[PDB]
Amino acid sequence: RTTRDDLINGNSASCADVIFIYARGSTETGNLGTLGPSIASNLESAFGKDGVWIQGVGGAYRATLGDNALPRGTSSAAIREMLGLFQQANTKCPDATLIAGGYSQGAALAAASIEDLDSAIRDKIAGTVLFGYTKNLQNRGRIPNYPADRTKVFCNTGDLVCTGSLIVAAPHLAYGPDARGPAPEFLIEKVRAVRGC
């Protein structure tokens, strides 16, 4: 994959039932990077191609390494880009269940976006998965204003970004197994616990 713009390309007269908005790590390509396509394949297996729109955060999100040092772990420009895609999902397809994920800086962008979101759209996100969450210790493993039962965080032992640092060490690069099994399983499970459209 690396690039998927199914919400931007998707026809309103035929909205999918589940819309996944995913944000990539620093320096990754497309708008999905290394982890996103693996979750995507698996979501498409559970709901079928026409059942799920996978949308990466592109536009203004540049995934510049330097932006991890910014207050919220990413630029304000990038919080505006993911905020605008949640608002597009909401308007284009209001009966769709949303799900979200992010890796590394995409995990801090996902947590910043969901914190600022309007409560009525935020409440439609039935499960969020975060890999190598750079604000893991600062936020104590939670996304602000978003329930713990709907959040799953994958933080490897020795991934120093989970422990309040910004050093990239080898565990930070070893999320491939999770993106292939636990993380789509959690998301599929949360969407089924509430149901789809």
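So that there is no doubt, residue numbering starts at 1 and follows the sequence shown.
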Greater mean Cα temperature factor according to the PDB record, 8-16 or 175-183: 8-16
Stretch exceeding the other in mean C-alpha B-factor - 165-173, 54-62: 165-173
Residue with maximal Cα B-factor (values as given in the PDB entry) among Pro147, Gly48, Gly30, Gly132: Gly48
Highest-ranked of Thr74, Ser104, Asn90, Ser113 once sorted by CA temperature factor in the record: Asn90
Ranked C-alpha temperature factor of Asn68 among modelled chain residues, by third: highest
Third assignment of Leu35 from its chain's C-alpha B-factors: highest
CA B-factor placement of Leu160, once the chain's modelled residues are sorted into thirds: lowest
